[PDB]
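Here we start with a single chain on its own, the form deposited in one PDB entry, put down as C-alpha cells.
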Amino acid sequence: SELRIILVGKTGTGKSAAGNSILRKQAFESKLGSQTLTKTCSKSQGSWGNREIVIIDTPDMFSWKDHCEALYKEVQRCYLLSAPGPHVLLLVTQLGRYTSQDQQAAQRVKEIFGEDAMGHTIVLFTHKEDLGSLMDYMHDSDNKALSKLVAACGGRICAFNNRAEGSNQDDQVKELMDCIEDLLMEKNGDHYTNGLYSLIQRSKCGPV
C-alpha cells in the first residue's frame, strides 16, 4: 500500500518544506537561508487515506553543474530509497520564479530517471500565496519554458503554501492527493520504473 514520492527540482524551491506539508510533520529540515540546506537524500513516511505515503527528499542533484560533494553516490542513495520505483516525481518549483535553472533541473530529472520520467511527474508550485487562480496565472504567463514543462507533464499541476496550517494545509494536501490518484489511474496503478530500478529489485531478492 506504499505510495512513493520523490521530491525533485532546483535548490531552495521548498522541496523539504513540501514534504513536511504532505506528511503534516517536520520530517525534513527546512529553514530560511541563502545556501543549500539538504545535503543528502532522506526518507520519511506517513499515512493518508488507506496508503502509506513514502517521501524521499533530495539534495541539489538537479543543478546543471555538480553542486554535490558526492553526486553519483546521492543518485544511488535516491534510487535505493525509492526502489522499486516512484509512483510520483514531484517537481517542485517556486511560483513566479521559473528560471533557466529550473529548466536545467527538469533536464537533470530526465538524465537521472530516464527520458520517460515526465510521465510520472507532477509540477508542484510553492509560494501559492503570492498569487488569482493557478490556472489563470498559467494562461497569463509568457514563460514559454514553464508552459513546455507543464505540457510535458500532461498539465499535472498543484499549488502549495508550505506555511499553510490546519484546514488550509489539509485542503492543499487533499488537492495533491487528488492529482496523484488521477495520475495513478492513468498509469493503471503502476509506479515508474527503468532498467536500474528493475536491476535493484532483482538484486535485492538475491542469488538463486
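Whichever C-alpha set is largest while still superposing within 1.5 Å between the two forms counts as the rigid core. Residues that one form lacks are left out of the comparison. For every residue, the number given is its place in the sequence shown, counted from 1.
If you look for the form deposited in another entry, you will not find it shown, but the lines that follow are about it.
Can you tell which of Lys174, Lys148, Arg163, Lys39 moves its Cα by 2 Å or more between this form and the one not shown, with the two forms laid on the rigid core?
After core superposition, the one over threshold is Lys39.
Taking the rigid core as the frame, does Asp66 move its C-alpha by 2 Å or more between this form and the one not shown?
Comparing the forms between this form and the one not shown, which are aligned on their rigid core, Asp66 does shift its C-alpha by 2 Å or more.
With a shift of at least 3 angstroms, figure out whether the C-alpha spacing between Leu124 and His67 grows or shrinks in the other entry: closer or farther?
Pair moves farther apart in the other entry.
So the C-alpha spacing of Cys68 and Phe160 changes by 3 Å or more in the other entry; is that change toward closer or farther than shown?
So the answer is farther.
Sticking with residues common to both forms, list the runs of three or more in a row where every CA moves 2 angstroms or more between this form and the one not shown, core superposed.
After superposing the rigid core, the shifted stretches between this form and the one not shown are 31 to 39, 61 to 64, 66 to 69.
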